[PDB]
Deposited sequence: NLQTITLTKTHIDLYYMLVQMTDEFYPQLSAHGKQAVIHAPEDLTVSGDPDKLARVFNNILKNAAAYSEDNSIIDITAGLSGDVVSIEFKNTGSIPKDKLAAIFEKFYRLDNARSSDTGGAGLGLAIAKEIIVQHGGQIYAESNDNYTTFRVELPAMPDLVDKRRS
């Protein structure tokens, strides 16, 4: 009988990252309906998103935007972090203090999935969680 108000969880995280991001002229912007909700362990999910943003911040190019889009489509709530810059493909095949291994099991324990891709222009992290 619980739920996470996702937009506001993402906002709080973004605000914790603001000093680190502004120092390189970066900016995280959230695109999401504010009505959007999901089930799960709130403090565990916040750590998932924190770890991912930590990765986006580390591989994001100076003076660029980190987009965090979240939406409900069918049975899936998806949260997608996209940044300009690339993860070296050897660090990328290893990705599962930037290790997303715990993030992954948290999401997996939630019945969800994490996708990471990277070309050489931008990097995408995608979290999918079951919808209520």
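Numbered from the first deposited residue, the unresolved ranges run 1 to 8, 105 to 121, 158 to 166.
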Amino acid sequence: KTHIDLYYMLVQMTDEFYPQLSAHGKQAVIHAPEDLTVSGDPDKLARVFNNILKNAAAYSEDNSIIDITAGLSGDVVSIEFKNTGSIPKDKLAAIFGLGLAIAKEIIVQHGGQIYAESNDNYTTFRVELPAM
From here on, numbers count along this sequence of modelled residues.
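Mean CA temperature factor is higher for 83 to 91 when stretches 57 to 65 and 83 to 91 are set side by side in the entry.
Stretches 113 to 121 and 9 to 17 differ in mean CA B factor, with 113 to 121 having the higher one. Based on the entry's C-alpha B-factors, the most elevated value among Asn50, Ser73, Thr37, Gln27 belongs to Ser73.
Per the deposited coordinates, the residue with the largest Cα temperature factor out of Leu98, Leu45, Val77, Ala32 is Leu98.
The entry lists a Cα temperature factor for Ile4 that places it in the lowest third of the chain's modelled residues.
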